[PDB]
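Step one of this worksheet: look at the structure below.
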There are 2 protein chains.
Amino acid sequence: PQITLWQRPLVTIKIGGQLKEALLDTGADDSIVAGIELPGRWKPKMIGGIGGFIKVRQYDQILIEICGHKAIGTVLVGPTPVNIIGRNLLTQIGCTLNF
Amino acid sequence: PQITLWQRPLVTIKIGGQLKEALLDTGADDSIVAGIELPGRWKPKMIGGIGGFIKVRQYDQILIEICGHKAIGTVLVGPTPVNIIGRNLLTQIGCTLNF
């Protein structure tokens, strides 16, 4: 479909039974979700953002169904403001920026 | 043109005789630019980000030529690690997220 940036670009995700809403972000190299209970072994990485660095938990091989398109990528769990579906998942779902 | 998100969508911007590169960012409601000397008056505003918060200069009605497309909107100047062309300008040049 096409979205049409007059509204913030939100899509729904299904990540391990938890139905949460997430933003498609073109200027986010990674996807970070807040509030989800994610289960297993994790490698701790530190991410950057603007005036910010937060320790995310890097969990690999997590299936996330983004708006009814599936992608098995890497999701970071953290105290983020809005949930992000960044480039690492956007590529799998075939997302393109156009003008 | 349609940008593939396998590589960061960095576009060239022309803002007041200063040529620079900027990120095409759907997850930012406002466009922020680092310390590029801009002329005029500025209104207080400080915005929400991941990790924290930064104070900017609400500069309304300044022109920015993004990929040779002219747009005029509110640009913010400040402690940004990286440059952003956010939603308030993104829809003026005609940008859509397709999938």
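Chain identifiers are assigned as A, B, and so on, following the order in which chains appear in the structure tokens; residues are numbered from 1 within each chain, and ligands are numbered from 1 in order of appearance.
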Using only C-alpha atoms, which residues of chain B come within 7 Å of stretch 2-19 of chain A, and what is the closest atom pair for each, with the distance in Å to one decimal? Give it as JSON lines, sorted by chain and residue number.
{"residue": "B:26", "atom": "CA", "partner": "A:9", "partner_atom": "CA", "distance": 7.0}
{"residue": "B:87", "atom": "CA", "partner": "A:5", "partner_atom": "CA", "distance": 6.1}
{"residue": "B:91", "atom": "CA", "partner": "A:5", "partner_atom": "CA", "distance": 5.8}
{"residue": "B:96", "atom": "CA", "partner": "A:4", "partner_atom": "CA", "distance": 5.1}
{"residue": "B:97", "atom": "CA", "partner": "A:3", "partner_atom": "CA", "distance": 5.3}
{"residue": "B:98", "atom": "CA", "partner": "A:2", "partner_atom": "CA", "distance": 4.8}
{"residue": "B:99", "atom": "CA", "partner": "A:2", "partner_atom": "CA", "distance": 6.9}
*Compile the contact shell of stretch 34-36 of chain A as a ChimeraX atom specification: residues with an atom at most 9 Å away, counting only C-alpha atoms, same-chain residues fewer than 3 positions apart removed.*
/A:15-16,18,20,76-83
I need the residues in chain A that are strand (DSSP E or B) according to DSSP; give them as a compact mmCIF listing (two decimals) with N, CA and C atoms, in the first residue's frame.
# COMPACT_ATOMS: atom_id res chain seq x y z
N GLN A 2 0.31 2.43 0.19
CA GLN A 2 1.06 3.68 0.21
C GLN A 2 0.57 4.53 1.39
N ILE A 3 1.53 5.02 2.16
CA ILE A 3 1.30 5.86 3.33
C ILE A 3 2.36 6.95 3.13
N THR A 4 2.33 8.28 3.00
CA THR A 4 1.28 9.31 2.98
C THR A 4 1.45 9.88 4.39
N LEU A 10 2.19 4.59 11.15
CA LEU A 10 2.06 3.45 12.06
C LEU A 10 1.41 2.22 11.40
N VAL A 11 1.95 1.07 11.79
CA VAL A 11 1.57 -0.27 11.34
C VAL A 11 1.43 -1.16 12.59
N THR A 12 0.73 -2.28 12.54
CA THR A 12 0.56 -3.16 13.69
C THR A 12 1.52 -4.35 13.55
N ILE A 13 2.05 -4.84 14.67
CA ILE A 13 2.99 -5.96 14.70
C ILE A 13 2.47 -7.01 15.67
N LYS A 14 2.89 -8.23 15.40
CA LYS A 14 2.55 -9.39 16.19
C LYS A 14 3.93 -9.97 16.46
N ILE A 15 4.37 -9.83 17.70
CA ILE A 15 5.66 -10.33 18.12
C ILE A 15 5.41 -11.19 19.37
N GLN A 18 2.12 -10.99 21.38
CA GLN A 18 1.84 -9.63 21.82
C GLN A 18 1.62 -8.83 20.54
N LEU A 19 0.46 -8.18 20.51
CA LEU A 19 0.00 -7.34 19.41
C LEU A 19 0.35 -5.93 19.85
N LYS A 20 1.29 -5.29 19.19
CA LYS A 20 1.69 -3.94 19.56
C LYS A 20 1.67 -3.12 18.27
N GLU A 21 1.70 -1.81 18.35
CA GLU A 21 1.68 -0.95 17.17
C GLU A 21 3.10 -0.40 17.07
N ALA A 22 3.64 -0.33 15.86
CA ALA A 22 4.99 0.16 15.60
C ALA A 22 5.03 1.06 14.37
N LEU A 23 5.95 2.00 14.45
CA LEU A 23 6.23 3.01 13.44
C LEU A 23 7.24 2.52 12.40
N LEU A 24 7.03 2.76 11.11
CA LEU A 24 7.98 2.34 10.08
C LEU A 24 8.94 3.52 10.07
N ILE A 32 13.62 -1.22 17.56
CA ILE A 32 13.62 -1.31 19.01
C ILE A 32 12.14 -1.19 19.42
N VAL A 33 11.69 -2.15 20.22
CA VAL A 33 10.32 -2.22 20.71
C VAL A 33 10.41 -2.14 22.24
N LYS A 43 22.69 -10.89 23.28
CA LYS A 43 24.05 -10.32 23.29
C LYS A 43 23.78 -8.83 23.65
N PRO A 44 24.16 -8.17 24.78
CA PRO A 44 23.91 -6.72 25.06
C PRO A 44 24.72 -5.72 24.21
N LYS A 45 24.08 -4.89 23.38
CA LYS A 45 24.80 -3.91 22.56
C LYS A 45 24.28 -2.59 23.10
N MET A 46 25.03 -1.58 22.76
CA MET A 46 24.71 -0.23 23.18
C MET A 46 24.29 0.55 21.93
N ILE A 47 23.14 1.23 21.82
CA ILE A 47 22.79 1.97 20.58
C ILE A 47 22.78 3.44 20.78
N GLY A 48 22.99 4.03 19.63
CA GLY A 48 22.99 5.45 19.58
C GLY A 48 21.82 5.99 18.80
N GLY A 49 21.59 7.17 19.30
CA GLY A 49 20.52 8.04 18.92
C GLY A 49 20.97 9.42 19.31
N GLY A 52 21.48 10.43 22.96
CA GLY A 52 21.13 9.17 23.49
C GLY A 52 21.58 7.90 22.97
N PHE A 53 21.91 7.32 24.07
CA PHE A 53 22.57 6.06 24.05
C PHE A 53 21.77 5.28 25.10
N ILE A 54 21.28 4.10 24.74
CA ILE A 54 20.51 3.23 25.64
C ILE A 54 20.91 1.86 25.21
N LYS A 55 21.01 1.19 26.33
CA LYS A 55 21.38 -0.18 26.31
C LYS A 55 20.11 -0.92 26.00
N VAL A 56 20.36 -1.51 24.87
CA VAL A 56 19.36 -2.33 24.27
C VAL A 56 19.84 -3.73 24.49
N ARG A 57 18.87 -4.58 24.26
CA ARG A 57 19.14 -5.98 24.39
C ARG A 57 18.94 -6.47 23.01
N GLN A 58 20.04 -7.03 22.59
CA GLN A 58 20.03 -7.56 21.28
C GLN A 58 19.68 -9.03 21.32
N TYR A 59 18.51 -9.26 20.76
CA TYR A 59 17.94 -10.60 20.67
C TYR A 59 17.93 -10.88 19.17
N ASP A 60 18.48 -12.01 18.72
CA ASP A 60 18.53 -12.37 17.31
C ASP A 60 17.49 -13.46 17.04
N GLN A 61 17.10 -13.65 15.78
CA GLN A 61 16.13 -14.66 15.32
C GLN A 61 14.74 -14.58 15.99
N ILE A 62 14.11 -13.41 15.89
CA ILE A 62 12.78 -13.20 16.48
C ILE A 62 11.86 -12.97 15.29
N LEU A 63 10.78 -13.73 15.22
CA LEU A 63 9.81 -13.63 14.14
C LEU A 63 8.86 -12.53 14.59
N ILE A 64 8.65 -11.64 13.65
CA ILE A 64 7.79 -10.50 13.83
C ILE A 64 6.99 -10.38 12.53
N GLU A 65 5.68 -10.36 12.67
CA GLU A 65 4.76 -10.24 11.55
C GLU A 65 4.42 -8.76 11.55
N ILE A 66 4.88 -8.07 10.52
CA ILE A 66 4.68 -6.64 10.32
C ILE A 66 3.54 -6.46 9.32
N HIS A 69 2.91 -9.30 6.91
CA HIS A 69 4.06 -9.65 6.07
C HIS A 69 4.97 -10.22 7.17
N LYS A 70 5.63 -11.37 7.03
CA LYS A 70 6.49 -11.90 8.09
C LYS A 70 7.95 -11.58 7.81
N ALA A 71 8.72 -11.42 8.87
CA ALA A 71 10.14 -11.12 8.80
C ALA A 71 10.74 -11.70 10.07
N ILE A 72 11.92 -12.31 9.95
CA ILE A 72 12.62 -12.92 11.07
C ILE A 72 13.93 -12.14 11.01
N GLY A 73 14.04 -11.24 11.96
CA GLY A 73 15.19 -10.38 12.04
C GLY A 73 15.73 -10.34 13.44
N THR A 74 16.13 -9.14 13.83
CA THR A 74 16.70 -8.84 15.13
C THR A 74 15.91 -7.63 15.65
N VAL A 75 15.47 -7.75 16.90
CA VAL A 75 14.69 -6.74 17.61
C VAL A 75 15.41 -6.46 18.93
N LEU A 76 15.50 -5.18 19.25
CA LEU A 76 16.14 -4.68 20.46
C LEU A 76 15.02 -4.29 21.41
N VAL A 77 15.16 -4.65 22.67
CA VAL A 77 14.16 -4.33 23.69
C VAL A 77 14.80 -3.16 24.47
N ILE A 84 9.73 1.20 17.00
CA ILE A 84 10.34 1.30 15.70
C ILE A 84 10.60 -0.01 14.96
N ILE A 85 10.35 0.04 13.66
CA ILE A 85 10.54 -1.05 12.72
C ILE A 85 11.49 -0.27 11.80
N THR A 96 9.90 0.71 0.29
CA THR A 96 10.63 1.68 -0.51
C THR A 96 10.12 3.09 -0.20
N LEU A 97 11.00 4.08 -0.26
CA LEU A 97 10.67 5.48 0.01
C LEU A 97 10.46 6.06 -1.40
N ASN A 98 9.44 6.85 -1.73
CA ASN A 98 9.27 7.34 -3.10
C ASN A 98 8.78 8.77 -3.19
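When atom CA of residue B:93 is paired with atom CA of residue A:67, their separation reads 26.3 Å.
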